[PDB]
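Trainee: Once you've seen the sequence and the experimental structure below, I've got questions.
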Amino acid sequence: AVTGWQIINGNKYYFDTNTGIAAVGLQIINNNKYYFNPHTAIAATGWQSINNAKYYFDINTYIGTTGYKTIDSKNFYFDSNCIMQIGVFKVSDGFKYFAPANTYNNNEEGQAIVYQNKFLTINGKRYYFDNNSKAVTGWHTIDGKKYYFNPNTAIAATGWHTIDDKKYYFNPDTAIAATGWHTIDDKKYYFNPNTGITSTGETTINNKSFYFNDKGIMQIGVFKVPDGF
């Protein structure tokens, strides 16, 4: 009985060393994944559906693909387990959104698509897309509203966030940087409409002086300001 790697009638079978049996199913050999047909034990190529997970096995090396790949002039992304991944991900040229099937221009499932000048919200994560179809970073003003997008994930931010030692508050539902007076947990705060930062110390508003503590909360009673009590 032949064992080990064998090329039989031009097809790539794999009979294991120990017991010479043909190997069938998803098989991991030398840290590389293959798919051997469960009926004929032949190594297959192309697009493969295994327990509703899609893989793509190269025509030449038969090994499962990882990372970012171009197939038939369309772009796809596969995780470490070679599974076709859907969603927003980092690729060699930036950040792209790989969308479900028949989402845009009858795209294939898991294919990269064109998506410009709009927000996308995938499983409660917001992104904004520019003309280049990436997804944007840092501080942006969109429709007169301030947003922050994480420089490492392009996800829109939320909750109290300390940036350059200055606190900002982003609405938990819409992620807009809060402006003006806001009540949070029954505590009042004031954010400057021009910069968004919280108010610390005495800050006169509309010809009326108000005091905010070190942390930013608003205190009552007698307090020291530069002129006096």
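Mentor: Structure received. Residues are numbered from 1 along each chain as shown.

Trainee: Check which helix or strand residue 69 maps to.
Mentor: Element membership for residue 69 (DSSP states H and E) is strand 67-71.

Trainee: what's the closest non-adjacent residue to the residue positioned nearest the centre of the chain?
Mentor: Against the mean C-alpha coordinate of the chain, by CA atoms, centre = their mean, the closest residue is residue 88 at 4.8 Å. Spatial nearest neighbour of residue 88, chain neighbours left out: residue 97 (4.8 Å); criterion: CB to CB, 6 or more residues apart in numbering. The way it works is simple: take the backbone N, C-alpha and C, and place the C-beta from them, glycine included.

Trainee: I figured that neighbour hits residue 113, correct?
Mentor: Yes: using CB atoms under 8 Å, residue 97 makes contact with residue 113 at a distance of 6.7 Å.

Trainee: These two: who's more crowded?
Mentor: residue 97 (21 against 17; other CB atoms under 10 Å).

Trainee: overlap in contacts of residue 97 and residue 113?
Mentor: Counting by CB atoms under 8 Å, 6 or more residues apart in numbering, residue 97 and residue 113 have no common neighbour.

Trainee: which residues touch residue 84?
Mentor: 53, 54, 55, 56, 76, 77, 78, 109, 110.

Trainee: Check the residues you listed for burial and list the buried ones.
Mentor: 54, 55, 56, 76, 77, 78, 110 (16 or more other CB atoms under 10 Å).

Trainee: What's the local residue count around the nearest residue to residue 169 once chain neighbours are set aside?
Mentor: Distance criterion CB to CB, 6+ apart; nearest residue to residue 169, sequence neighbours excluded, is residue 178 at 4.5 Å. By other CB under 10 Å, the residues close to residue 178 number 18.

Trainee: separation between residue 178 and residue 17?
Mentor: 65 Å (CB to CB, to the nearest Å).

Trainee: and residue 210, bridged to which residues?
Mentor: Beta bridges link residue 210 to residue 203, judged by DSSP bridges.

Trainee: Provide the secondary structure category for residue 82.
Mentor: coil (DSSP: H, G, I helix; E, B strand; the rest coil).

Trainee: list the contacts for it?
Mentor: Contacts of residue 82 (CB under 8 Å, 6+ apart): 33, 55, 56, 64, 65, 66.

Trainee: what's the nearest residue to it if we skip its chain neighbours?
Mentor: residue 64 (3.5 Å).
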